[PDB]
Amino acid sequence: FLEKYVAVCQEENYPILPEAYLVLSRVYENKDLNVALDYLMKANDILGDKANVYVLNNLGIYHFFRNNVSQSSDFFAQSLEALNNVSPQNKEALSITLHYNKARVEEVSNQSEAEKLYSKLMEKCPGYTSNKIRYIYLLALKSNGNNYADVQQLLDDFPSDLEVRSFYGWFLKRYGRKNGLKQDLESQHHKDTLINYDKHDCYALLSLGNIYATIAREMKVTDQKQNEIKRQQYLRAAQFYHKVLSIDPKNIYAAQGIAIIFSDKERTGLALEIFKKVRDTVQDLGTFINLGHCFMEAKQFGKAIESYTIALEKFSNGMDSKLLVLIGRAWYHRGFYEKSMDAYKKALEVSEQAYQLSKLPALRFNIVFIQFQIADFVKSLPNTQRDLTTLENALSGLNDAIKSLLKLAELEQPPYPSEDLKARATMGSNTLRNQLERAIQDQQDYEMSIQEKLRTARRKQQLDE
Amino acid sequence: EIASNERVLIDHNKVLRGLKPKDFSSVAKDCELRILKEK
Amino acid sequence: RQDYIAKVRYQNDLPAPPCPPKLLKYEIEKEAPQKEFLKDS
Amino acid sequence: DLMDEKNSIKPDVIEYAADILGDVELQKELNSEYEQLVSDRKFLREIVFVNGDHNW
Amino acid sequence: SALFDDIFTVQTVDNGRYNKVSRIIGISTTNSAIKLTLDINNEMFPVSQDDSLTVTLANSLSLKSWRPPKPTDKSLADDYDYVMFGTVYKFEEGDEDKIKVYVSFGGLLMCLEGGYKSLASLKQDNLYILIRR
């Protein structure tokens with residue numbers, strides 16, 4: 426009807442009422458932000474100098490969602506300028522709202538001005554909740570979660586606020602082991618929130634599902650009864666996720682939890698399909714890590730290597746050691762199952778870079794194991810499929826691996842028992858080194874035979890000539 | 141007055157949709173048929 | 007089993023609330039201005 | 901050429917790529933083939949088709 | 003099941019002489035130097051400049077005479093908006109890491125340029141291309 430009204434007014438050359446454009450933008454807010462923004466811009470152009478604070482604020486929020494930082498900042502500045510013409514009754518409320526929006530833009534840009542405006546609004550209006558939530562969240566980021574008293578006080582101030590409770594549960598999940606609080610305290614808090622305030626909150630249901638999944642995963646399995654209890658905990662978590670999907674079938678995190686449960690239940694195909702759909706929906710580090718893990722479980726090692734590389738380059742920027750460990754493991758698996766030497770070389774190089782970044786005993790043992798596997802694979806290879814340079818590099822890596830095994834055996838708490846390290850070092854040194862030297866001798870003889878044939882052929886050719 | 145005037149662009153449950161929503165109804169149906177009805 | 011050391015931990019941690027800037031309702035979003043506007047002569 | 905390693909048959913196209921370098925009887929066969937091809941080139945280019953036309 | 007997945011951004015849409023067929027050029031978001039040229043049907047799947055497409059390649063749709081699909085049965089195609097079936101008429105083993113795959117979907121041509129690592133599994137006789145937007 427509004428489109429027909431616009432068309433009839435355009436055909437009649439009559440001034441289109443901007444209120445119809447505002448109503449169209451409000452309707453399209455839940456359908457298409459682009460069409461709503463275009464209609465709001467048309468309404469602003471029609472009004473000209475009659476633009477109000479609400480229109481400018483909604484334009485700024487539209488550009489903020491469009492990531493148009495410059496245009497959003499300009500619209501917010503125009504809204505702040507037009508705030509001087511607001512009637513005194515609503516002036517305080519609209520000033521608080523505009524200052525909150527400006528503080529949000531600052532929090533995107535620079536946290537110092539955001540904290541300044543947060544303090545100004547808190548002194549101006551202590552009753553507002555989002556201001557306190559964001560300020561305490563920034564304080565927790567700056568202090569590495571050392572403001573548990575502030576979070577508890579905020580929870581006491583607004584026990585009925587869903588946002589406050591969700592932020593408190595997020596802080597609990599983030600720093601429960603750091604603060605030494607009860608593991609089930611967050612579980613009881615979310616249970617109380619669901620029972621007494623709102624049983625349809627997907628955040629608390631997902632939090633309870635994650636807690637139950639963690640409890641089931643950490644639970645030791647000894648017999649069928651323990652497996653049945655673990656399956657019951659997973660069933661409770663799946664019921665939470667299914668309730669979330671019943672509330673909203675467009676929940677990526679519920680599907681992610683379902684895929685994690687399927688991975689725990691070794692349903693690799695469904696988890697792979699869900700993770701691919703999630704990656705198609707949103708792209709974060711966790712989705713790529715889960716895709717790499719599933720590809721490792723699905724034996725698609727090349728796709729795992731690609732997924733881990735994309736994750737590292739997009740998010741970690743070559744700084745996280747865990748992704749490097751995953752890359753090395755995937756390369757080692759591909760080299761082991763496909764008998765490829767270049768995969769072993771790439772895994773060794775990645776492990777060496779990770780060790781140079783960290784210098785940990787675990788990566789030292791990883792380098793030793795990789796070098797031992799390299800030496801074994803090269804020794805198992807025929808003479809025609811290898812050369813002297815690879816043999817020399819494998820032998821040098823074997824010597825360095827034996828020395829590093831002795832070094833690890835002298836440590837306080839090695840990842841593996843020192844007796845096993847010493848036994849493996851002795852077993853390698855007794856046989857593998859001598860087999861490598863015999864392989865070197867055979868390779869030298871083969872190259873010498875080739876060179877003898879090449880030098881003898883040319884003389885006979887010259888004699889015939 | 142602030143609460144009456146305040147409007148939030150995206151809902152609490154719908155925040156995961158954003159500008160591009162996708163449907164996992166088939167995923168939910170498969171989960172119901174293979175976890176809750178699992179034998 | 008002395009082999010490569012690697013840990014597998016799925017990441018499904020819920021993010022912090024975004025708290026986006028709040029939209030301002032139009033004058034035509036309130037019942038009394040709607041009554042004034044529709045009843046115009 | 902079975903002597904120069906970078907002007908020989910590729911190693912991934914033949915299963916006998918190892919025991920091929922250094923042979924002289926086989927090199928003689930290849931030289932005979934190449935001389936026959938050179939004779940054919942001379943014949944066609946000098947007697948039959950002198951303007952270089954080769955689509956017949 | 004699937005042989006290749008990626009996400010592309012359309013750099014150009016060339017309509018040319020045809021009214022129903024357009025040629026789009028795209029590059030993978032995650033891994034550069036992976037190009038995609040593709041002919042699509044405008045009427046059933048219109049695409050605009052700078053759109054994001056999810057392109058998937060598969061040798062089968064499971065989870076010889078064609079027949080209309082029964083509603084009861086389900087396949088990989090149910091998740092996508094545009095599915096085509098073609099034949100690979102050229103697998104080019106070119107430079108060190110430059111691989112070209114040419115597919116023909118009944119006269120609609122596709123060229124996927126990329127590295128050997130990603131496109132190694134695309135050495136098939138027939139391929140399905142599943143596109144989602």
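Protein chains in written order, with the deposited numbering: chain q, 426 to 890; chain x, 141 to 179; chain v, 7 to 47; chain A, 901 to 956; chain H, 3 to 65, 76 to 145. Here a beta-carbon is modelled for each residue, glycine too, at the ideal position from N, C-alpha and C.
Note to self: For H/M122, report the span of its beta strand (DSSP E) as first-last.
What the structure shows: As a position in the fifth sequence, residue 122 of chain H is number 110, starting the count at 1. Start and end: 120-126.
* Tell whether a beta-carbon distance below 7 Å holds between q/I486 and v/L29. => Within the first sequence, numbered from 1, the residue matching residue 486 of chain q stands at position 61. Within the third sequence, numbered from 1, the residue matching residue 29 of chain v stands at position 23. Closer than 7 Å, so yes.
Does the beta-carbon distance from H/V100 to H/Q51 come in below 7 Å?
The residue you call residue 100 of chain H lines up with position 88 of the fifth sequence. The residue you call residue 51 of chain H lines up with position 49 of the fifth sequence. For H/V100 and H/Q51, no; Cβs fall outside 7 Å.
Q. If you draw a straight line from the C-alpha of q/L472 to the C-alpha of q/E437, how long is it?
A. As a first step, residue 472 of chain q is located in the first sequence; it is residue number 47 there, counting from the start. As a first step, residue 437 of chain q is located in the first sequence; it is residue number 12 there, counting from the start. Roughly 19 Å between the two C-alpha positions.
- Terminal residues of the alpha helix (DSSP H) in which q/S805 lies: Translated into the one-based positions of the first sequence, residue 805 of chain q becomes position 380. q/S805 -> alpha helix (DSSP H) spans 786-805.
* Asked: In terms of alpha-carbon separation, which member of H/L142, H/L131, H/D137, H/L139 lies closest to H/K37?
  -> If you number the fifth sequence from 1, residue 37 of chain H lands on position 35. Comparing Cα-Cα distances from H/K37 to each of H/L142, H/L131, H/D137, H/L139, the minimum goes to H/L131.
(request) Run the CB neighbour count on H/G18, radius 10 Å, all protein chains shown included, and call it buried at 16 or more, exposed below. (result) Here residue 18 of chain H refers to the residue found at position 16 of the fifth sequence. H/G18 should be labelled exposed.
* Asked: In chain x, what lies closer than 9 Å to q/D673 by C-beta?
  -> Sequence index remark: in the first sequence, residue 673 of chain q carries index 248 (1-based). Those within 9 Å of q/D673 in chain x are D151, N153, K154, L156, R157.
If you count every other CB in all the chains shown that lies within 10 Å of the CB of H/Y140, and 16 or more means buried, which is it? Translated into the one-based positions of the fifth sequence, residue 140 of chain H becomes position 128. Under this definition H/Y140 is a buried residue.
For chain H, check one thing: does any of its Cβ atoms lie closer than 7 Å to the Cβ of q/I685? Within the first sequence, residue 685 of chain q is the residue found at index 260, counting from 1. Not an interface residue.
Are the beta-carbon atoms belonging to v/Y10 and q/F802 less than 7 Å from one another? On the third sequence, residue 10 of chain v is found 4 positions in, with the first residue counted as 1. On the first sequence, residue 802 of chain q is found 377 positions in, with the first residue counted as 1. Taking 7 Å as the Cβ cut-off, v/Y10 and q/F802 do not qualify as a contacting pair.
Of all the options x/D163, x/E172, x/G158, which has the alpha carbon lying nearest to the alpha carbon of q/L458?
The count along the first sequence starts at 1 and reaches residue 458 of chain q at position 33. Here the closest residue by C-alpha is x/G158.
**Prompt:** At a CB-CB cut-off below 8 Å, which residues of chain A make contact with q/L879?
**Reply:** Taking the first residue of the first sequence as position 1, residue 879 of chain q is located at position 454. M903, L921, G922, listed in chain order.
Open item on the list: Under 7 Å, Cβ to Cβ, is there at least one residue of chain v near q/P840?
Closed with: In the first sequence, counting from the first residue as 1, residue 840 of chain q sits at position 415. Cβ-Cβ to chain v under 7 Å: yes for q/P840.
By Cβ distance below 8 Å, which residues in the same chain neighbour H/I9 in space, the five residues on each side in sequence not counted?
-> For the purposes of this step, residue 9 of chain H is identified with residue 7 of the fifth sequence, where counting begins at 1. Cβ neighbours of H/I9 beyond the five flanking positions: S30, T31, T32, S54, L55, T56, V57.
Does the stretch 26-46 of chain v come within contact of the stretch 728-748 of chain q, defined as at least 3 CB pairs closer than 8 Å?
-> no
Would the beta-carbon of q/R759 fall within 7 Å of that of q/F726? Within the first sequence, residue 759 of chain q is the residue found at index 334, counting from 1. Within the first sequence, residue 726 of chain q is the residue found at index 301, counting from 1. Yes, the pair counts as a contact, with Cβ atoms nearer than the cut-off.
Q. Are q/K527 and q/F501 touching if we call contact CB-CB under 7 Å?
A. Within the first sequence, residue 527 of chain q is the residue found at index 102, counting from 1. Within the first sequence, residue 501 of chain q is the residue found at index 76, counting from 1. Cβ distance < 7 Å, so q/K527 and q/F501 count as in contact.
*Taking Cβ positions only, does q/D705 come closer than 7 Å to chain H?*
As a working mapping, residue 705 of chain q is identified with position 280 in the first sequence. The beta carbon of q/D705 sits closer than 7 Å to some beta carbon of chain H.
(message) Between q/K878, q/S765, q/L888, q/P674, which has its C-alpha nearest x/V167's C-alpha?
(response) Taking the second sequence and counting its residues from 1, the one referred to as residue 167 of chain x is at position 27. The residue with the shortest Cα to Cα distance from x/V167 is q/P674.
inquiry  = Using a Cβ-Cβ distance cut-off of 7 Å, determine whether q/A696 contacts chain x.
reply    = One-based indexing of the first sequence puts residue 696 of chain q at position 271. Cβ-Cβ to chain x under 7 Å: no for q/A696.
Point to revise | Neighbourhood of q/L788 by C-beta distance below 7 Å, restricted to the same chain and skipping five residues each side | key: In the first sequence, residue 788 of chain q corresponds to position 363, counting from 1. For q/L788, where only same-chain residues beyond five positions count, the Cβ hits under 7 Å are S776, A779, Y780.
- Query: Whose C-beta lies closer than 8 Å to the C-beta of q/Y871 among residues of the same chain, with five residues either side of it excluded?
  - Reply: Looking up residue 871 of chain q in the first sequence gives position 446. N808, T809, listed in sequence order.
| said: Can you give me the C-alpha to C-alpha distance between A/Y916 and q/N676, rounded to a whole angstrom? | reply: Reading the fourth sequence from its first residue, position 16 is the one you call residue 916 of chain A. Reading the first sequence from its first residue, position 251 is the one you call residue 676 of chain q. Spanning the two alpha carbons is a distance of roughly 59 Å.
Per DSSP, what are the beta-bridge partners of H/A60 in this structure? Looking up residue 60 of chain H in the fifth sequence gives position 58. In the DSSP output, where bridge partners are listed per residue, H/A60 has H/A4, H/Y140.
*Could you tell me how far apart the beta carbons of q/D586 and q/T554 are, in whole angstroms, since I believe they sit closer than 8 Å?*
Looking up residue 586 of chain q in the first sequence gives position 161. Looking up residue 554 of chain q in the first sequence gives position 129. With a Cβ gap of about 5 Å, q/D586 and q/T554 count as contacting.
**Message:** Is the separation between the beta-carbon of q/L813 and that of q/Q868 shorter than 7 Å?
**Reply:** Here residue 813 of chain q refers to the residue found at position 388 when the first sequence is read from its first residue. Here residue 868 of chain q refers to the residue found at position 443 when the first sequence is read from its first residue. For q/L813 and q/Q868, yes; Cβs fall inside 7 Å.
Check: Taking Cβ positions only, does residue 119 of chain v come closer than 7 Å to chain x?
Finding: Only positions 7 to 47 of chain v appear in the structure, and residue 119 of chain v is not among them; the question remains open.
**Q.** Straight-line Cα distance separating q/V460 from q/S450
**A.** Mapped onto the first sequence, residue 450 of chain q falls at position 25. Mapped onto the first sequence, residue 460 of chain q falls at position 35. Looking at the two C-alpha atoms, the distance is approximately 7 Å.
Who are the Cβ neighbours of q/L751 in its own chain at under 7 Å, not counting the five residues just before and after it?
As a first step, residue 751 of chain q must be located in the first sequence, where it is residue number 326. Once the five neighbours on either side are set aside, the close Cβ partners of q/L751 are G717, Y733.
Could you give the distance in angstroms between the alpha-carbon of q/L833 and the alpha-carbon of q/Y543?
The count along the first sequence starts at 1 and reaches residue 833 of chain q at position 408. The count along the first sequence starts at 1 and reaches residue 543 of chain q at position 118. If I take the Cα positions, the gap works out to 52 Å.
If I measure Cβ to Cβ from q/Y593 and keep anything under 6 Å in the same chain, skipping five residues before and after, which residues do I get? Position 168 of the first sequence, counted from the first residue, corresponds to residue 593 of chain q. Result list for q/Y593: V576, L580, in chain order.
Point to revise | Identity of the residues DSSP links to H/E105 by a beta bridge | key: Here residue 105 of chain H is taken as the residue at index 93 of the fifth sequence, counted from 1. When beta bridges are read from the DSSP output, H/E105 appears opposite H/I111.
* Looking at the unbroken alpha helix (DSSP H) that takes in x/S165, where does it start and where does it end? -> For the purposes of this step, residue 165 of chain x is taken as the residue at position 25 of the second sequence. Counted as a single uninterrupted DSSP element, the alpha helix (DSSP H) harbouring x/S165 occupies residues 165-171.
In this structure, how does DSSP classify H/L65 when only helix, strand and coil are distinguished? Here residue 65 of chain H corresponds to residue number 63 of the fifth sequence, with the count starting at 1. Reduced to three states, the DSSP call for H/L65 is coil.
> Ordered along the chain, which non-local residues of its own chain (more than five positions away) have a Cβ less than 8 Å from that of q/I558?
Replying inline: On the first sequence, residue 558 of chain q is found 133 positions in, with the first residue counted as 1. Here the set comprises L579, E588, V589, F592.
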